[PDB]
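Below sits a lone chain in structure tokens, taken as the form deposited in one PDB entry.
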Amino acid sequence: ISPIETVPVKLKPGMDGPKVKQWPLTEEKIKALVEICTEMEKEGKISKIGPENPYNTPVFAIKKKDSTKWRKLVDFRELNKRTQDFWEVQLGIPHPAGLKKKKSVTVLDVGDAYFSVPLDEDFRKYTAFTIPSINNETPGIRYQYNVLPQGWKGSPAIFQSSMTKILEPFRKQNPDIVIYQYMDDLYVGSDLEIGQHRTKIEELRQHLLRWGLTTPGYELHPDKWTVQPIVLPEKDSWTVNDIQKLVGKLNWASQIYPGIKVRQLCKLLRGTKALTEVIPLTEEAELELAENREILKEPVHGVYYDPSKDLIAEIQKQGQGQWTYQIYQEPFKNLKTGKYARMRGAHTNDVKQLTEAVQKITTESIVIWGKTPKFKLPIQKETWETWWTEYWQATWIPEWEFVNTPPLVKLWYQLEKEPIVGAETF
């Protein structure tokens, strides 16, 4: 803790602070958190609290990128929501509509920088978290915060003036490079070749170690994220079933592109025939595909981002490792869509695969829009709440809801185009 001055933060009018139960953790995690928390207490950042403070916010403990020792993760989502927004004029970082267009982006956890800024004594109550005990042999260790907490929305807010000062000397120096700050991280891009990019990151890391915070192949590539097109089947010969499958998809797609027509096809479908039966295509049905393939060659006209509206993302499990998702804000009006293939090793864990995607998808939602999407997860509440942190490696947590994938949405997006080969290497 570094006792500078604290601004009198408060909650959104009418709102009360958070009272979220604590998830129970394994022994390996209670241990690490107990240790981690013990230091911070002595280092003055957080301080033990009594029972008269009725708030609470969940703590988890994870193992980030190079985390071979445990990191601490508090879930401030409910607090963040209850925390009065920050746009009287500014100090709430704007969206630099160019990191997306950028050739390469690197994420940097700089949330550490908050500890050296005190947090308004009056707000602290709402920061209460609890380390639970095994088999309920003892009460949990309740603490509070004395400094800016990593993962709180108000944190990168108050530490705005200082992050600006920290950055200009590099920013103001390299204006051909963009630095965007979302929550506890820093997104940093430039068109410089691989080495020329990584090197400048190093430099930046110096500038930050040098100043007062560690800055803890793979980098992003916003230049390569192509929003993909649906591609209909094209067998030399069709069966009653092939036409019937095709037909159900077209009739669903007509919710996006209303000019999708399925009449001249539905015609070939009259007669009680062997599902396995072959049928020649009417020259009308023939062009109808043609006209359908054409409508499908591009994203629907008119999709434009509305910053005031929530951003939504839906994933559908496609099995065999693959998944599909779509960020959008109004039904059928997709901002982005894509396909994600499980990480290496992740083969036996659907949950691993799923969290890995919520993460990668949430990255773009920040890069691109500078905010996070509420996910529609094809998973049971219990199945998720149970094992998601086991693989969480990010400082921020998105919002979510558990859903039931309509069979057709899946049948459709599965259609998306893929490369002849891919994005190869020699």
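We call the rigid core whatever largest set of C-alpha positions still superposes within 1.5 Å between the two forms. From 1 onward, residues are counted along the sequence shown.
From this point on, the text means the form deposited in another entry, which you will not see here.
With the core fitted between the shown form and the other one, just one of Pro94, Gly259, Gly302, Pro307 shows a Cα displacement of at least 2 Å, namely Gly259. Once both forms are fitted on their rigid core, the CA atom of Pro169 lies less than 2 Å apart between the shown form and the other one. Once the rigid core is used as the reference frame, the Cα position of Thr272 differs between the shown form and the other one by 2 Å or more. Relative to the superposed core, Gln181 undergoes a C-alpha shift smaller than 2 Å between the shown form and the other one. An increase of at least 3 Å in the separation of the C-alpha atoms of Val89 and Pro169 is found in the other entry, compared with the displayed form.
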